[PDB]
Amino acid sequence: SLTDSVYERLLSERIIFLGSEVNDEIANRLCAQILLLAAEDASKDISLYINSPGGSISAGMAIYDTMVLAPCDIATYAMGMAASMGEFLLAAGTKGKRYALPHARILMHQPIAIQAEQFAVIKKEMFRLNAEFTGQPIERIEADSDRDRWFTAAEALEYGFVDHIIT
Amino acid sequence: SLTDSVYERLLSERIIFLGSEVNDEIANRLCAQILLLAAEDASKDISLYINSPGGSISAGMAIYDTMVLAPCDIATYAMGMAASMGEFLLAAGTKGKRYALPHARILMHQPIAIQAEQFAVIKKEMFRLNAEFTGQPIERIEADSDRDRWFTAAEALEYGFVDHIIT
Amino acid sequence: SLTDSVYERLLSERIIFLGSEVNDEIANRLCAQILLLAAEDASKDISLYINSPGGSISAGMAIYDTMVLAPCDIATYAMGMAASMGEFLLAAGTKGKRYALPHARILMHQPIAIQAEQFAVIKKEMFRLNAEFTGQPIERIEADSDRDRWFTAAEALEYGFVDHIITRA
Amino acid sequence: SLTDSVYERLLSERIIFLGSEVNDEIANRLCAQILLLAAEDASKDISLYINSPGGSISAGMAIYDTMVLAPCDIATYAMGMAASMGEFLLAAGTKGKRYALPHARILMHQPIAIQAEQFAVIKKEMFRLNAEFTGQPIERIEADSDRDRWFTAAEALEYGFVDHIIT
Amino acid sequence: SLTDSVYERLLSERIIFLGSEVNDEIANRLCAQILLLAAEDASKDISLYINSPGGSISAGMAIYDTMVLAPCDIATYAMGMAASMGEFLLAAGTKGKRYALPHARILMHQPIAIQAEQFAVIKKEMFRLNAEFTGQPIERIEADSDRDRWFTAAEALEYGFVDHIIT
Amino acid sequence: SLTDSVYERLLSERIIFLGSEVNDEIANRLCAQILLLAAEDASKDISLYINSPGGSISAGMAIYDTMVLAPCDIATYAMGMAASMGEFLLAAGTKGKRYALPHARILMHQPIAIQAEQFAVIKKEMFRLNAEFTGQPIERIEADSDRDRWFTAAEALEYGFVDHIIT
Amino acid sequence: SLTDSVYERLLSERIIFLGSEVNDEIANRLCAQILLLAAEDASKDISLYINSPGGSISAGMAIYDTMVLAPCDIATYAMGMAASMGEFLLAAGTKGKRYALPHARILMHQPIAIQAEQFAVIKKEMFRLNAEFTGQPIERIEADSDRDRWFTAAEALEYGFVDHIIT
Amino acid sequence: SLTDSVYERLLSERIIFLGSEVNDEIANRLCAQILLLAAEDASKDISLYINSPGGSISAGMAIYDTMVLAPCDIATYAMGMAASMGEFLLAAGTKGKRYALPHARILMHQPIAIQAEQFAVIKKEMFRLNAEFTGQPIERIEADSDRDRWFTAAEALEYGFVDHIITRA
Amino acid sequence: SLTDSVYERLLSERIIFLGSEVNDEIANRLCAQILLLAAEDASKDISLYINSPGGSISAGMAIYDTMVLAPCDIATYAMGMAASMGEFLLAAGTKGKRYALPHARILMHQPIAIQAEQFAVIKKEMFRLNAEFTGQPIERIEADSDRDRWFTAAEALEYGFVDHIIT
Amino acid sequence: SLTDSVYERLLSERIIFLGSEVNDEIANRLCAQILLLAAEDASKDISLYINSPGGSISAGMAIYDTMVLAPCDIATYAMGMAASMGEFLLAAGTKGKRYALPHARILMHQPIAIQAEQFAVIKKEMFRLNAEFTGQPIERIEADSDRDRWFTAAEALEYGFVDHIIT
Amino acid sequence: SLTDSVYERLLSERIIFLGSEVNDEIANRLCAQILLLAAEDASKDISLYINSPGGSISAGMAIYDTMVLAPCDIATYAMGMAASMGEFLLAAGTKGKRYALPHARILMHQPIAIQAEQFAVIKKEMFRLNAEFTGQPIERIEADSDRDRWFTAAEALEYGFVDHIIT
Amino acid sequence: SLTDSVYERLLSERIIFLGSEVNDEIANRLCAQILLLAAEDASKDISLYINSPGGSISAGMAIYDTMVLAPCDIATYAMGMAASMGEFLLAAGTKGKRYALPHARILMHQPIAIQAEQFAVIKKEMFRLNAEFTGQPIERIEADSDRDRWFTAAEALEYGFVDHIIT
């Protein structure tokens, strides 16, 4: 189909998209692409464009782990919305190669008994990493996720999610 | 489709994925990929990436037997989840080449009369191999399976599921 | 699709799969492939990998006829399950080249006036060839089939379904 | 699809299948395959493999007509079932080159005002042609179809639907 | 698909097919095929195999109109049924190159106020042309269509629909 | 439901409707109503209103037989359309009690081996009965059925399908 | 169902509704309803409420014939829209007892060879009765439909579709 | 629903209908209605109207057994078509109470190892009883069934399927 | 169903509902209801409960005409929302008996050539009668609709939609 | 529905049916009917008619248990097929009142480690009961069921499943 | 259905159920019932059983508006869950006649430019009434809403949601 | 529906059924029924028949609470299987009136992370009451749930779930 064709073509310029909610299908497809590009050429950059409401923390953490695994830099771009795990992957890009498009919106969100155990531990780790990424203190991240704090491109550079606003 | 093209292209790099729950279909498709790579080139390594909640034991042992069958080494990577047969297949990679990614989770799991006796036989055999893979006694594999013990990447290295945590 | 794509790719390596219930359409696909390989090169082996709960005797018997028809050696491998005609077809492989992988299972199974006549003929022929295949008496075969006897790899090599349990290739 | 790729490849070897009921669509498909192969090369054999419960008489007579039309030799093979029109098209192949696989079954079967008129003509014409192919008298063909007489390879060879039983 | 693939491969052989009902859909497909062929090579013959219950008069005339328009000869073949518009298009083939297969069958059939006016002239013109193609008198074409007259191959040759019976 | 209730309260007034095409289901349903009414009172009039394109002769004949079977007189009313079997059943009403509404339209329409046989039998019986109903001769019934002759309420009164045109 | 329940209760107050497009099924049920109320009490009025896009002339004309047939008075009410056959049936009420609600809108609209034939005579009839209904000349009725003339309650009283406008 | 209401209304008059393909479902419903009428008043006739293309023998035979069970007489009426089991059930009505309407037609028709066995048995039973009902030899009933013999009402009266052609009720 | 049984029983208490959108189906159902209640007892009140997003203007007006038609008073109650035509109808209630519940909200809204004219006419009439029901100039009504003004019960009372807030 | 009406009315005569495959819903319904009948008149017989392929053993056993619970005699009739649990329930009727209709057929059929446990128990138990019911030895019950032994009415009477064959 | 049959039977006991999510349909049905019961007898209590996760504030408030409207007393019963508007309507019970079942749980949940406008006003109104109903200060109601406080039956008596824990 | 009718008729006998998975719907169905029966006659016994694979605790707790609330005794009957909450409800019956049919089976089963907290309190409270019903100590209830302990009627009577086995 046209759509897939254009993505394939973009993938040949080392440009990948997160354009939906993060879940296991998407995560796998994305990690795959990252493994491919990395395998194809370890020294050229990858560009990850993001327009995503976020989703599953587990999914996003696998993606992030793959980002970290790849030797090349990964540039990230907020294209329309980076919310929760969308924000996190945006913030997780190679430092100095994180970009917000001028009207992108960055949104923070607060994301049996053993499932709660497994959830709590990785929520904490995501909060930890988000602080590392943004330079913000961990308590700033925590409160701002509770209050569903949203950002303009400008406000987001301020806060530390991105390094550039590309006019 | 894009997704399929991307997996095919990863296949050309000898990179393979267990991305969903293990069943007869996926088993057949994985085995098929292993035989393919083994036939293409006995010498080079296959890298199997795992992010699976697992499922059926026979399905799982079918993949295992194929992995053993392949003359080349299989590297296994815990990418997201490795639970039940997902874990088993991970621990089943070539000594020296089992990797956990820093935020992966390993979950051990407790997984017509003729069916009962068939299941009892593989169940037992699965414990036996798990113990072999991990270096643990059978009895600690059984008790840890009975209770649904889960592992962080760290905890998983200690136990014997993986050889390295790769960053 | 990927799946299909590796099967085609795997076909060019002379490797084929019976990965599900042997019915009429699957039997045709399979015959087609044997014919194809046979016709491509008539003296290189074909490797048939079985993981299948069997199916109709009729379709099973069609795959078998095509196996005999084909000049080359057809090597059979029990991958997961070889039940009914999956068992029959495994056992039907070129003598010496029938294999079980260590955790494969072999299941035996008891498989209008004029349909009944047809069935009776083919059912009797099937028991007769299973005997020929395994070295067993027809008596064993019928009674084992009756009680749905099943086999591990080891037990299956003993009985005569395969010639080797293979671990490393 | 894999199924289709195989038949195409098999069709490059001048091998065609009749693997289902004979309706107008299958008949058109098959007629087309014969014309293609006869146009590609009119001196080389075509191999029709038959495993089908037969079906529509006029659809069967169209295929038959196309075999007759095709300059080249058409060899036929009873692969599983050759029933009614399937049996008709088996017996209809080039004499000397009609084969039965050992466990094939050959079944004979009895196949508005104006539809009856056409069917009556066509029915008589196919009894006539069955008799000519088999060497059996016409009245033998009719009594046998009426009582659904079926054959093993052995019985089929002797009666005259086929020339050789291959192994 | 296999079926479609075969059809395209036959187009390279300048063989085309009318093998379903004649309507707007099919008519266009078939006019397009004739146009392609005449564009590919204006001098080389096109073969049209007919097996079709006919259908819409206006669709049939569009096809006929395209046939006349093609510079090259168009051989026509009665393969199954050639009924109503199916019969018209057969009889419309290049004089000398109209064929019946031995068991082919030719059927004749009688085939808001402004709609009726339109229909009346198209109907008249069809009769006129069917009279011209067969060398029969218009009266006989009308009466014969009224009474659903049908034709064996031999009867069709005698009447004028075709020039040859192929064996 | 509304409709059902209305037909059912009309059944209490001994009024029956043939308001769609005659098939085996409508047959069985009509025959039932007739039988019920007849059973309820064997000597009160039944009123059958008709607005139907007709349909199956065999079905038409079963309703006819049942009408005849019923001790009581059956009145018939061409309410909109009485075509083919619709016409026939309108004609079959008790002499003196066939009615046409002023804008009613009567249409005459001429409607395996064993199937043809049976059909030819009742076709002839149908024609014969139509003649008897209308006083017309058989050859006129056939000739008119061939050309799909139709009738206004007036034209139909003259010909013998009805006894009165009601206002 | 409630809806049917209200229509049933209304049927008891001798009130019926043309609340949709006039087709064969609707025409059937409406005739059935007239017949029933007429059978129940031939001396008492029926109130027919209209809010209809109209429809098929034949259908509307069956309804009309049935109204004429009903002995009792039928009062008509333009409730929402009376378009086409909706207008005709409105105008067809008993002179004296034809009503439009203050915001009722009345729309005129100009509504195989045998098909055309039939249509033409009933189209002529319906024009004649619209003329007689409204007391207009037939020429004006016709030209007015040509141009899709529409009427307010007041314009329609003036033109002759109705006798009163109710408030 | 109206349809269902008149059949119910008709049950009240001890009239029942066989107006479609005889299968397990239809027979279940029909056996029920017979059992209900017999339970209602055991001394009183049940009229059965047949307009059916027939179908399954077992289903047919189940209706038959219920007919036999019911203490009361069952009058059968070929209303349009009585074919195969339709024919059988018509022929099975109480002697002297089997009727055909002027234009009824009657069609005879010739209707895993364990299935074939049970089928053979019931088939034989079906021919024998048909022979008994019509007064024909088993041989004829076989031959005719074989040849799909049919019958106008008159030809049917003469063969034994029915006792009367009824014209007015 | 319970939902319908409840409404039937409310109808029997002379209580009607506008609970959904105003499409023609609904307005028909609702008119029928008012027609019935009037016919049952011309003297007793009708209580109409509104909780509706409004909808079609013709449908609106048909209901309105019917309400004017009924001799009895109709009380109107704003149960939750009364928007567009739902508001219009609310305000159409008998003077002194238009009510709002305390947390009801009233919402104003702006509600081929020949259709346009009709719409313009209904639309103008709508605005006028709404100016008259509330006591506001047509210009206030129009402008307030243009900007989707909404009202609390208190505000609705103030503006003139209603006469009482009930508790 | 007619069907339901009839079963309902048959239930008033204390006549129940097992007419499809035994499964939870049907067993539940059947138990309910037995409980109902039993509660209505604990001294008068229930007649159970069977034509069922049987089905689940647990469901069958719950029906059986309700039969034992029910204080009144429960007569059983083999109508079409009494197979597996159908056979068992038939055999389980009050001794002296089990009936076969002359063309009834009786079939015997051989009917997560925790699942196997539970099943072994109920199976053994069901053979025991079937032995007691029929007076045969348990090991003849088992071999018979093993080979799917079937029975004619006479054979069943001989074996011990029923007490009379009714005619 | 049996379920509807029970609910209506319970309606006769002036017992009603809010047993799913409060949406518009539900609120319409519940307002209807309350109204119906009020009409049937204004002097006798209504009992409202709540087992509901709540939902729409404004649907919630429609029900509440009808509750106040009804002159009779309304008992409320926290039968299982009373969350969001479920809690609210529970607490709207006629003081003294608000009950909780021993294992009931109460939950408080924090529940276009113009949608926002209306929503802010109704949220405020709800908070005001929750305070009113329970005797807590508006600030505790809000603060306790944010974090999503849940309550056992006892904690619920204590806060003011209900008056008695009924055993 | 026959199924519904039979349950309705059973309600007159004060017999109710838990014959499927316990959930929100069923729970409400069942509480409704209990509330009805109680309201109808306060002393007369309710009889609950249980054939249920359990379900959710919350739903089961609500039913339990309605039972306790219900003035009259409730008899419980283990029909085919009482598992999970099916067991609970069975065991929750009026003491001395809890029954098991002989082939019945009692199965005990283990049934925004703040859900865990709610679920923890309620798991504990079920265990408590389950302990109290049987006479087993809390800990026995836990471990026996943990390994899925199943019981025969005999085993269950002696373990405390039921008081009597009926035959």
# chains A, B, ... in the order shown; residues from 1 in each chain; ligands from 1

call {"tool": "residues_around", "arguments": {"residues": "stretch 96-106 of chain E", "least_positions_apart": "5", "cutoff": "9 Å", "atoms": "only C-alpha atoms", "output": "ChimeraX atom specification"}}
result
/D:58,61-62,65-66,69,118,122,125 /E:51,73-84,86-87,90-91,149-157,161-167

call {"tool": "calpha_fit_and_write", "arguments": {"fixed": "chain D", "moving": "chain F", "output": "CSV table (one decimal) with C-alpha atoms, in the first residue's frame"}}
result
chain,number,residue,atom,x,y,z
F,1,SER,CA,0.7,-16.3,-1.8
F,2,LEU,CA,2.6,-19.7,-1.2
F,3,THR,CA,0.0,-21.9,-2.9
F,4,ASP,CA,-0.2,-19.6,-5.9
F,5,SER,CA,3.5,-19.4,-6.3
F,6,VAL,CA,3.8,-23.2,-6.2
F,7,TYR,CA,1.1,-23.7,-8.9
F,8,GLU,CA,2.6,-21.0,-10.9
F,9,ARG,CA,6.2,-22.4,-10.8
F,10,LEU,CA,4.6,-25.7,-11.7
F,11,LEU,CA,3.1,-24.0,-14.7
F,12,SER,CA,6.6,-23.3,-15.8
F,13,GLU,CA,7.2,-27.0,-15.7
F,14,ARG,CA,4.0,-27.4,-17.8
F,15,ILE,CA,2.1,-29.1,-14.9
F,16,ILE,CA,-1.6,-28.4,-14.3
F,17,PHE,CA,-4.0,-29.3,-11.4
F,18,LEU,CA,-7.6,-30.1,-11.2
F,19,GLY,CA,-7.9,-30.3,-7.4
F,20,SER,CA,-11.5,-29.3,-6.6
F,21,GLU,CA,-15.0,-29.6,-8.1
F,22,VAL,CA,-15.5,-28.6,-11.7
F,23,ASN,CA,-17.6,-25.4,-12.1
F,24,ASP,CA,-17.5,-22.5,-14.6
F,25,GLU,CA,-14.8,-20.7,-12.7
F,26,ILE,CA,-12.4,-23.7,-12.5
F,27,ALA,CA,-13.3,-24.4,-16.2
F,28,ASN,CA,-12.3,-21.0,-17.3
F,29,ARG,CA,-9.1,-21.2,-15.2
F,30,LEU,CA,-8.1,-24.6,-16.6
F,31,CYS,CA,-8.9,-23.7,-20.2
F,32,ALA,CA,-6.7,-20.6,-19.7
F,33,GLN,CA,-3.7,-22.5,-18.4
F,34,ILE,CA,-4.1,-25.1,-21.2
F,35,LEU,CA,-4.2,-22.3,-23.7
F,36,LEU,CA,-1.2,-20.5,-22.2
F,37,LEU,CA,0.9,-23.6,-22.2
F,38,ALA,CA,-0.2,-24.5,-25.7
F,39,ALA,CA,0.6,-20.9,-26.8
F,40,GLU,CA,4.0,-21.1,-25.1
F,41,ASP,CA,5.0,-24.3,-26.8
F,42,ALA,CA,2.6,-26.3,-29.1
F,43,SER,CA,4.6,-29.5,-29.1
F,44,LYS,CA,5.7,-30.2,-25.5
F,45,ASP,CA,3.7,-32.4,-23.2
F,46,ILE,CA,1.2,-30.9,-20.7
F,47,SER,CA,0.9,-32.8,-17.4
F,48,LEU,CA,-2.6,-32.6,-15.8
F,49,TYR,CA,-2.9,-33.9,-12.3
F,50,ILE,CA,-6.4,-34.8,-11.1
F,51,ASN,CA,-8.0,-34.9,-7.6
F,52,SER,CA,-11.6,-33.9,-8.1
F,53,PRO,CA,-15.2,-34.9,-7.3
F,54,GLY,CA,-16.1,-33.8,-10.7
F,55,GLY,CA,-19.1,-31.5,-11.2
F,56,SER,CA,-20.7,-29.6,-14.1
F,57,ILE,CA,-20.8,-31.5,-17.4
F,58,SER,CA,-20.9,-28.3,-19.4
F,59,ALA,CA,-17.8,-27.0,-17.6
F,60,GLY,CA,-16.2,-30.4,-17.9
F,61,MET,CA,-16.9,-30.3,-21.6
F,62,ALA,CA,-15.3,-26.8,-22.1
F,63,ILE,CA,-12.1,-28.1,-20.5
F,64,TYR,CA,-12.3,-31.3,-22.6
F,65,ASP,CA,-12.8,-29.2,-25.8
F,66,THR,CA,-9.7,-27.1,-24.9
F,67,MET,CA,-7.6,-30.1,-24.1
F,68,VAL,CA,-8.5,-31.4,-27.6
F,69,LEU,CA,-7.9,-28.0,-29.0
F,70,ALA,CA,-4.3,-28.0,-27.7
F,71,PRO,CA,-1.7,-29.2,-30.4
F,72,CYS,CA,0.5,-30.8,-27.7
F,73,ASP,CA,-0.2,-34.1,-25.9
F,74,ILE,CA,-1.9,-33.9,-22.5
F,75,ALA,CA,-1.0,-36.5,-19.9
F,76,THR,CA,-3.4,-37.2,-17.1
F,77,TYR,CA,-2.9,-38.4,-13.5
F,78,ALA,CA,-5.5,-39.7,-11.1
F,79,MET,CA,-3.9,-38.4,-8.0
F,80,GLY,CA,-6.6,-39.2,-5.4
F,81,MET,CA,-10.1,-39.0,-6.7
F,82,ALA,CA,-11.3,-38.9,-10.3
F,83,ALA,CA,-15.1,-38.8,-10.0
F,84,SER,CA,-17.7,-38.0,-12.6
F,85,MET,CA,-16.3,-35.2,-14.8
F,86,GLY,CA,-13.0,-35.8,-13.1
F,87,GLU,CA,-13.0,-39.4,-14.3
F,88,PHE,CA,-14.1,-38.2,-17.8
F,89,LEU,CA,-11.2,-35.8,-18.0
F,90,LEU,CA,-8.7,-38.4,-16.8
F,91,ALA,CA,-10.0,-40.8,-19.5
F,92,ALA,CA,-9.7,-38.0,-22.2
F,93,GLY,CA,-5.9,-37.8,-21.8
F,94,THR,CA,-3.7,-38.7,-24.8
F,95,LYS,CA,-3.9,-42.5,-25.3
F,96,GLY,CA,-0.8,-44.1,-23.9
F,97,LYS,CA,-0.5,-41.3,-21.4
F,98,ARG,CA,-3.3,-41.8,-18.9
F,99,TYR,CA,-1.9,-42.7,-15.4
F,100,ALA,CA,-3.3,-43.8,-12.1
F,101,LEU,CA,-1.5,-43.5,-8.8
F,102,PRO,CA,-1.8,-46.8,-6.9
F,103,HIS,CA,-4.3,-45.5,-4.4
F,104,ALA,CA,-6.3,-43.3,-6.9
F,105,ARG,CA,-10.1,-43.9,-7.0
F,106,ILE,CA,-12.2,-43.6,-10.1
F,107,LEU,CA,-15.9,-43.1,-9.5
F,108,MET,CA,-18.6,-43.1,-12.1
F,109,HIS,CA,-21.6,-41.0,-11.3
F,110,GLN,CA,-24.6,-40.1,-13.5
F,111,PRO,CA,-24.3,-36.4,-13.1
F,112,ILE,CA,-35.9,-24.7,-17.9
F,113,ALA,CA,-37.5,-26.8,-20.8
F,114,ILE,CA,-34.6,-25.5,-22.9
F,115,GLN,CA,-32.3,-26.2,-19.9
F,116,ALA,CA,-33.4,-29.9,-19.9
F,117,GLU,CA,-33.0,-30.1,-23.6
F,118,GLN,CA,-29.4,-28.9,-23.6
F,119,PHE,CA,-28.5,-31.2,-20.7
F,120,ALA,CA,-29.9,-34.3,-22.4
F,121,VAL,CA,-27.7,-33.4,-25.5
F,122,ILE,CA,-24.4,-33.3,-23.7
F,123,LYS,CA,-25.3,-36.1,-21.3
F,124,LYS,CA,-25.5,-38.3,-24.4
F,125,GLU,CA,-22.3,-36.8,-25.9
F,126,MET,CA,-20.5,-37.4,-22.6
F,127,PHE,CA,-21.5,-41.0,-22.4
F,128,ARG,CA,-20.5,-41.6,-26.0
F,129,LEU,CA,-17.2,-40.1,-25.4
F,130,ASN,CA,-16.6,-42.1,-22.2
F,131,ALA,CA,-17.2,-45.3,-24.3
F,132,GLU,CA,-14.7,-44.1,-26.9
F,133,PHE,CA,-12.1,-43.3,-24.2
F,134,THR,CA,-12.4,-46.6,-22.5
F,135,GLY,CA,-13.2,-49.0,-25.4
F,136,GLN,CA,-16.3,-50.0,-23.4
F,137,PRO,CA,-19.7,-50.0,-25.1
F,138,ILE,CA,-22.2,-47.2,-24.4
F,139,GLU,CA,-24.7,-49.4,-22.5
F,140,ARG,CA,-22.0,-50.5,-20.0
F,141,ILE,CA,-21.0,-46.9,-19.5
F,142,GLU,CA,-24.6,-46.0,-18.6
F,143,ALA,CA,-25.3,-49.1,-16.5
F,144,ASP,CA,-22.1,-48.4,-14.5
F,145,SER,CA,-22.9,-44.7,-14.1
F,146,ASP,CA,-26.4,-45.6,-12.8
F,147,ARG,CA,-25.1,-47.7,-9.9
F,148,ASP,CA,-22.2,-45.4,-9.1
F,149,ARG,CA,-19.6,-48.1,-9.8
F,150,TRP,CA,-16.2,-47.3,-8.5
F,151,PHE,CA,-12.7,-48.5,-9.3
F,152,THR,CA,-9.3,-49.1,-7.7
F,153,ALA,CA,-6.2,-48.1,-9.7
F,154,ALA,CA,-6.2,-51.8,-10.8
F,155,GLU,CA,-9.9,-52.1,-11.6
F,156,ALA,CA,-9.7,-48.9,-13.5
F,157,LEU,CA,-6.7,-50.0,-15.6
F,158,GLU,CA,-8.6,-53.1,-16.7
F,159,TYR,CA,-11.7,-51.1,-17.7
F,160,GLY,CA,-9.9,-48.5,-19.8
F,161,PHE,CA,-9.9,-45.2,-17.9
F,162,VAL,CA,-6.0,-45.2,-17.7
F,163,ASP,CA,-3.1,-46.7,-19.5
F,164,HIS,CA,-0.6,-47.2,-16.7
F,165,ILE,CA,-0.5,-47.6,-13.0
F,166,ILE,CA,2.6,-45.7,-12.0
F,167,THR,CA,5.2,-46.5,-9.4

call {"tool": "select_by_dssp", "arguments": {"residues": "stretch 7-162 of chain J", "states": "helix (DSSP H, G or I)", "output": "ChimeraX atom specification"}}
result
/J:7-11,24-40,57-69,85-91,113-134,138-146,153-159

call {"tool": "write_last_selection", "arguments": {"atoms": "C-alpha atoms", "output": "short mmCIF file (atom, residue, chain, number, x, y, z; two decimals), in the first residue's frame"}}
result
data_model
loop_
_atom_site.label_atom_id
_atom_site.label_comp_id
_atom_site.auth_asym_id
_atom_site.auth_seq_id
_atom_site.Cartn_x
_atom_site.Cartn_y
_atom_site.Cartn_z
CA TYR J 7 -42.84 -27.38 24.25
CA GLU J 8 -44.39 -25.12 26.85
CA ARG J 9 -47.82 -26.67 26.31
CA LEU J 10 -46.19 -30.13 26.29
CA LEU J 11 -44.56 -29.31 29.59
CA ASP J 24 -24.43 -26.96 30.39
CA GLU J 25 -27.25 -24.65 29.14
CA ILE J 26 -29.45 -27.53 27.99
CA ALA J 27 -28.69 -29.59 31.09
CA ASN J 28 -29.57 -26.62 33.25
CA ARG J 29 -32.80 -26.12 31.34
CA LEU J 30 -33.66 -29.81 31.58
CA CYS J 31 -32.94 -29.95 35.31
CA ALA J 32 -35.12 -26.87 35.84
CA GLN J 33 -38.03 -28.52 33.96
CA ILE J 34 -37.64 -31.64 36.12
CA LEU J 35 -37.46 -29.56 39.32
CA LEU J 36 -40.52 -27.61 38.09
CA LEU J 37 -42.59 -30.67 37.26
CA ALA J 38 -41.51 -32.31 40.52
CA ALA J 39 -42.51 -29.24 42.51
CA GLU J 40 -45.87 -29.07 40.72
CA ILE J 57 -20.64 -36.43 31.00
CA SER J 58 -20.82 -33.88 33.87
CA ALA J 59 -23.88 -32.29 32.31
CA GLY J 60 -25.44 -35.72 31.82
CA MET J 61 -24.70 -36.53 35.48
CA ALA J 62 -26.36 -33.40 36.75
CA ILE J 63 -29.50 -34.31 34.78
CA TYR J 64 -29.29 -37.81 36.19
CA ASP J 65 -28.94 -36.43 39.74
CA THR J 66 -32.05 -34.26 39.27
CA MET J 67 -33.93 -37.34 38.04
CA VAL J 68 -33.00 -39.21 41.22
CA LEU J 69 -33.90 -36.08 43.24
CA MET J 85 -25.27 -39.63 27.78
CA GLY J 86 -28.49 -39.77 25.80
CA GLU J 87 -28.20 -43.55 26.07
CA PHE J 88 -27.33 -43.26 29.77
CA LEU J 89 -30.26 -41.00 30.69
CA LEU J 90 -32.51 -43.34 28.70
CA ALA J 91 -31.18 -46.31 30.62
CA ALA J 113 -3.81 -32.96 35.58
CA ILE J 114 -6.62 -31.89 37.93
CA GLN J 115 -8.99 -32.09 34.94
CA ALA J 116 -7.88 -35.70 34.31
CA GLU J 117 -8.37 -36.64 37.94
CA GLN J 118 -11.90 -35.22 37.94
CA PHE J 119 -12.72 -36.89 34.66
CA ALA J 120 -11.46 -40.34 35.55
CA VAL J 121 -13.75 -40.27 38.58
CA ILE J 122 -16.95 -39.30 36.79
CA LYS J 123 -16.22 -41.69 33.87
CA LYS J 124 -15.73 -44.70 36.14
CA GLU J 125 -18.83 -43.64 38.03
CA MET J 126 -20.84 -43.34 34.81
CA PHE J 127 -19.82 -46.81 33.61
CA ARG J 128 -20.77 -48.20 37.05
CA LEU J 129 -24.25 -46.69 36.80
CA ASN J 130 -24.63 -47.87 33.18
CA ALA J 131 -23.73 -51.39 34.35
CA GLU J 132 -26.38 -51.26 37.13
CA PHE J 133 -28.97 -49.83 34.74
CA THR J 134 -28.63 -52.46 32.07
CA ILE J 138 -18.93 -53.08 33.96
CA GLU J 139 -16.20 -54.54 31.68
CA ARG J 140 -18.78 -55.32 28.98
CA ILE J 141 -19.95 -51.71 29.27
CA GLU J 142 -16.37 -50.60 28.64
CA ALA J 143 -15.52 -52.82 25.68
CA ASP J 144 -18.86 -52.07 24.08
CA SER J 145 -18.34 -48.29 24.47
CA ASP J 146 -14.75 -48.72 23.31
CA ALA J 153 -34.78 -51.36 19.55
CA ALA J 154 -34.83 -55.16 19.84
CA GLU J 155 -31.11 -55.35 20.54
CA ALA J 156 -31.47 -52.64 23.19
CA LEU J 157 -34.34 -54.49 24.87
CA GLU J 158 -32.14 -57.62 24.86
CA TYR J 159 -29.13 -55.68 26.28
#
